[PDB]
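In: Experimental structure and its sequence below.
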Amino acid sequence: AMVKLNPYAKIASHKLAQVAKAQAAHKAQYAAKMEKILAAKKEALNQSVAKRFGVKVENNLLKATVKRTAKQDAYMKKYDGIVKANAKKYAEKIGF
Amino acid sequence: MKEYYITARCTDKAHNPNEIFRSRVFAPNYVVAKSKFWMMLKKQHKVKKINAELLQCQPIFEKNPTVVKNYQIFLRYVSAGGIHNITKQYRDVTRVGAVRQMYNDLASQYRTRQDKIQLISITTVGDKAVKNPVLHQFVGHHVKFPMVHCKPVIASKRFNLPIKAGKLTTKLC
Amino acid sequence: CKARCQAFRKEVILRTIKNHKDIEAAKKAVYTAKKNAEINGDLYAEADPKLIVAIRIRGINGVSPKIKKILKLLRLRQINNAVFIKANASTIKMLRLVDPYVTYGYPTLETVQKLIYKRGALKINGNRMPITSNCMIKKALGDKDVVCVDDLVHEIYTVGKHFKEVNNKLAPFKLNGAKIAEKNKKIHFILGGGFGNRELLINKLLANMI
Amino acid sequence: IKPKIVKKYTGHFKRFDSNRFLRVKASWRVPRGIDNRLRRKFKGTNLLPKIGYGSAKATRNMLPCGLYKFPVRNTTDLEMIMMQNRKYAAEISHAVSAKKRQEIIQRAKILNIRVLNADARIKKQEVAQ
Amino acid sequence: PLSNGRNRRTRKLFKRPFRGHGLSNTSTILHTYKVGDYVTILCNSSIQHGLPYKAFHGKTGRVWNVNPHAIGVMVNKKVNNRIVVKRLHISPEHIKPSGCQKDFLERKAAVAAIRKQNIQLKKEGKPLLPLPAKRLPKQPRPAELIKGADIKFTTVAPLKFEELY
Amino acid sequence: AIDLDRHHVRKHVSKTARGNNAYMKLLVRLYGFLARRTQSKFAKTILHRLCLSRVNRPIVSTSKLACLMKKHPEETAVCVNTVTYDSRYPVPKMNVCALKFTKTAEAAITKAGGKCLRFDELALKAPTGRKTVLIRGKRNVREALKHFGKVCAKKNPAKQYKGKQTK
RNA sequence: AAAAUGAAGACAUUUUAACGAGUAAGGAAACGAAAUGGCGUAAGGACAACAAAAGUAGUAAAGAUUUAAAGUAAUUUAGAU
RNA sequence: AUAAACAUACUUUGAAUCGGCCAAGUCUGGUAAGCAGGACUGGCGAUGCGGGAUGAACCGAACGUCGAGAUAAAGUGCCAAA
RNA sequence: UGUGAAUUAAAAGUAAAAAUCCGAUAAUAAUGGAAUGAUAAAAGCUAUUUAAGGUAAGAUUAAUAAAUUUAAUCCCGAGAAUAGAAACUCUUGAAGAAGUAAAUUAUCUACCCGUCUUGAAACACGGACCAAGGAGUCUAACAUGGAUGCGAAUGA
């Protein structure tokens, strides 16, 4: 009955099939990345727990897992500055 | 209880359309927040809804809902006799969390329903600024007490049997 | 013979693309303005709602004569009946007068779609026929340039030129029962009650009622 | 082939107060009393005939066997329902003698028409025969 | 329980306006009334001759006949469950021109002025102007943007109660 | 329940010939079929008028037929009622279709050269109505209408049913 | 209520939609698409096996007592004595 | 602006009725009254159903015969469904 | 000397995993049922063709970016044309099935009918029980209205 009333349903259903399938792939590959990011974090923890052994600890024990370009790395810093300003500009608005 | 940030402006002959009224209103939902907001305008600036435009009505969320803070709510309420101003302190982790305590406490000690209380302001006071006789006993760093007469806890309603077997015991816990 | 059915089918498709373009393009423009206002530090005042959906909450017994007449002019003649109402100074005052007997608010597009698709009907030859095809809609509202149910939805949601003629053909919807209020339907929704203007929260009530 | 005959109320609509007085028979009469318990539809006593109890039009006046009733007084009466023997059923009248009943029963078997009084006014052939 | 006199209960209805006693204007007797006009019956207690009945005070009627000293007025009266037509003859001292159609007569002239230019535009071949839009109830206001440089903020909170004594 | 203005009652329009007259019932069937199939307003008008009661079907005389048909020479008057004869004035030549013709009225039309059709012959010749002139008689000329109302009225008094000592 | 069909089917036609509380009171008969539909008592005029023996009845009438069936009901129908 | 074609306007003939009672973000006489009398509306009378233990008027809601589902007033220790 | 609300640097991070809270919502879906039905082909669904389309979001890369920004080539692809398929099981019953009736029991439910009355189950009246009889009829004048005949006539 939906098709008879709304012939456009077949077109929209196909796109919803695409979106559900595509968003499932995107979720799978992000969980694969976050699995490695947590993997680096865990090793950076056991290594630097040696503060128990014996005491300042090292500064860069977390290792990069994604290889990106220099133009993106500069943009990553620029975006970070934006969110700090936005969080500060918003907070003062409700600060009265 | 949720906190909202509401703004509006008045566009008529009496009011210039370049002065914005802001507020921080604690209401169960955003429809009540506007209802409280409009009353404060009409009862304080002769601004009516039919001659005003609302601009923003956004929820306000706690920045750190993991830090224990001492609050101080300044409020006025109406009794049988007259109208009074009260300042009650509360310990909680959210601004909305403490306000629900105030509403529930006022309706119990003073028997005052919610439609008699106007929350003037709410701030955060120091550890030594607390004056409530009961609440002052838990602000120190070395608080300690044994919870006696503990009722044994049930994991869920699944094991809640009407009749049990054997004897029943409390817990020194 | 029936080669016009394919011609009818494609035309409904073409209008549907046009209808969805209008709703999506207008929605996009709001977001861009809000985005740019934040960048420039301006203030953006959203446009007032144009469409109102009202539901009759109280029964037919013990109603004042003036309140009784208004509920008949809004076609809310039965408890649990929903209609669409154009928003202006004239209708807003009328809804305030009958506030204890109605609850209303501003519907979303999905609410309008589900109401028309599930509980929709038309008054044809004095008969309340439920919507079963676009040919029954083409016959009913052909001269109003509404030929498909999607065209019916778009005209209602955007409040187009022929809203009054289109709205008057739609019979008032008959909804199921649902938890009306927190306290009871004897107080305003602002006091935790059941009646009055629910703003955008009428969609939650309609969700359990459709 | 035979449809499902559904009766909305299989009981009897007995006149009010007929169970307490012998002068008040059980044939139904609508109570017109200004203070009557039944006519005001009190809880417990609110059972009155209505058009809503009417059975389905398709399966109305239909005997449990699936056919209708067609009284007959002689053999020539049977000839009116010989084209509709799948629809009607002969029912010999109560005053028809035993000699005439045999002729109707004998002929109705020839015309394949069911008779609902097939064992009516039969002779004493029940003991010692 | 009142008496059934003709002019009962008129201590305030028939009183003259404060500092409005004495003779009336000269416009009242110089105003020209034509048939079909809209008038308002306003009993002038200063003139007791031919005073209209107190039930017609404030009613709006229509002129139906012009007599040498009196102006015929036709109003509507409400009876048990119907409405009847009342035809009165009232001297100009007790009636007043009605402004009930003042707003309507403005729209009639605006349209007529536009229609007068259209016959000129159609004559010269230019496209013709449209008639003025119809009146509508106050519509929902559209989306508006407020500049962020000329804006001041006033904080609103519940006010601490102060004794009025 | 539902809050209506009023409850559905039988509509006060007749849709069949009143009485048991077999021929008038046949005419209703004939024009009920014609109105439904041809979908012509004329057959709807004849069908509606055939179902009026006798008091609502007033007579038309030859004098009124003569005057109404004066500027319609090649035309057929169609009156759903009895046609009486006005002996005071002459009867011209005309073709008239009517439910009934008085003995004196039919002979006056026939002698003058006209034709007195019935309502089946008209449906045979002009079913949708093409050379017809619809005619109905006066209703307010009844003597009953004089006495309706209150005779004490100031504007339009009634006519005072006579009885004991009616001076 | 509106559409469709219509000399005879039949269930007082088919379809769709809305409707259905009620004291006093009203809705006489007839009216094919019927301007409400019916049950019961008695009496009068006709009809009742169509091929010249034409409704039932001493092969058991009316009445009475009960058992079952049909009808929303008023009531009707049949079995047994 | 909104609603309205089983809309609207009626015409004729006629029945019954004119002892009324109740509620209230109402009033007058009275110390007051389940007292007496009024303005506007809604009810009871003419009205059953779910709730207030019970109740002409209160609250929800007005009734063809039924099946299933969300609900209303209001409830959720037992009587008593939660 | 220790804790530390908050803030700050560096590493990591294209800023969608999972869990809880807080907001937001409820509907598309999947799996089990319930009430009333239906059984046959589809404007079904599936396979093959070309190709309107995919407006953050079908994918990737590029320029750059607080973007529902702009391109490129891959994928899927609605319409339409061509080919596709549903006919079943087990139990019980003339040793009495399904239904129905009567009697009894159990849960729920049920105040005396008629009448005057604002209001009666009423501590208001009539009524012990049964049968038969029992109350808007006839005559005369007028009017309205539905069917009927005739019509400046109608009746006689």
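Out: Structure received. Numbering: from 1, shown residues only, chains lettered A, B, ... in the order given.
In: max-length helix in chain A?
Out: If you go by DSSP state H, chain A has its longest helix at helix A:9-48.
In: near RNA strand I, anything from that helix?
Out: Yes: looking at helix A:9-48 against RNA strand I by Cβ under 7 Å from any atom of the strand, the contacts come from A:10-11, A:14-15, A:18-19, A:21-23, A:25-27, A:30-31, A:33-34, A:37-38, A:40. C-betas here are computed from N, CA, C, even on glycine.
In: Which residues are in contact with residue F:27?
Out: By Cβ atoms under 8 Å, 6 or more residues apart in numbering or on different chains, the residues touching residue F:27 are F:17, F:50, F:119-120.
In: got the residues of chain D near RNA strand I?
Out: Residues of chain D lying near RNA strand I (Cβ under 7 Å from any atom of the strand): D:10-12, D:17, D:21-23, D:31-37, D:42-45.
In: at 10 Å instead, please
Out: Counting by Cβ under 10 Å from any atom of the strand, chain D comes close to RNA strand I at D:3-7, D:9-12, D:14, D:16-17, D:20-25, D:31-40, D:42-46, D:64.
In: among the residues you listed, which ones are buried?
Out: If you count burial by 16 or more other Cβ atoms under 10 Å in any protein chain shown, the buried members of those come out as D:16, D:31, D:38-39.
In: And those, which is closest to chain E?
Out: Distance to chain E across those (Cβ to the nearest Cβ) is lowest for residue D:39, with 34.3 Å.
In: give the contact list for residue C:9.
Out: Applying Cβ under 8 Å, 6+ apart to residue C:9 gives the contacts residue A:7.
In: Just the element for it, please.
Out: When secondary structure is defined by DSSP states H and E, residue C:9 falls within helix C:4-40.
In: Not counting sequence-adjacent ones, nearest residue to the residue in chain F that RNA strand H sits nearest to?
Out: Here chain F gets closest to RNA strand H at one residue, residue F:1, 3.3 Å apart by Cβ to the nearest atom of the strand. Of all residues not flanking residue F:1 in the chain, residue C:60 sits nearest, at 5.9 Å (Cβ to Cβ, 6 or more residues apart in numbering or on different chains).
In: For chain E, which residues are neighbours of RNA strand H?
Out: Residues of chain E found near RNA strand H (Cβ under 10 Å from any atom of the strand) are E:1, E:82-83, E:134-137.
In: now for the residues you listed, which pair is the farthest apart?
Out: E:1 and E:134 (52.2 Å; Cβ to Cβ).
In: Regarding the residue nearest the centre of chain C, what is its secondary structure?
Out: The centroid of chain C falls nearest to residue C:84 when counting by Cα atoms, centre = their mean (3.8 Å). Following DSSP: H, G, I helix; E, B strand; the rest coil, residue C:84 is assigned to strand.
In: Does it touch residue C:167 like I think?
Out: Yes: contact criterion Cβ atoms under 8 Å: residue C:84 and residue C:167 qualify, at 5.7 Å.
In: Overlap of the contact sets of those two?
Out: By Cβ under 8 Å, 6+ apart, residue C:84 and residue C:167 have these common neighbours: residue C:156.
In: coming back round to it: okay, and which of the contacts of residue F:27 map to strands?
Out: Applying DSSP state E to these, no entry is found in strands.
In: any chance of these in JSON lines, with distance to residue B:31 and neighbour count too?
Out: Shown next, in JSON lines, are those (distance: Cβ to Cβ, whole Å; neighbours: other Cβ atoms under 10 Å in any protein chain shown):
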{"residue": "F:17", "distance to residue B:31": "66", "neighbour count": "20"}
{"residue": "F:50", "distance to residue B:31": "65", "neighbour count": "22"}
{"residue": "F:119", "distance to residue B:31": "71", "neighbour count": "20"}
{"residue": "F:120", "distance to residue B:31": "74", "neighbour count": "14"}
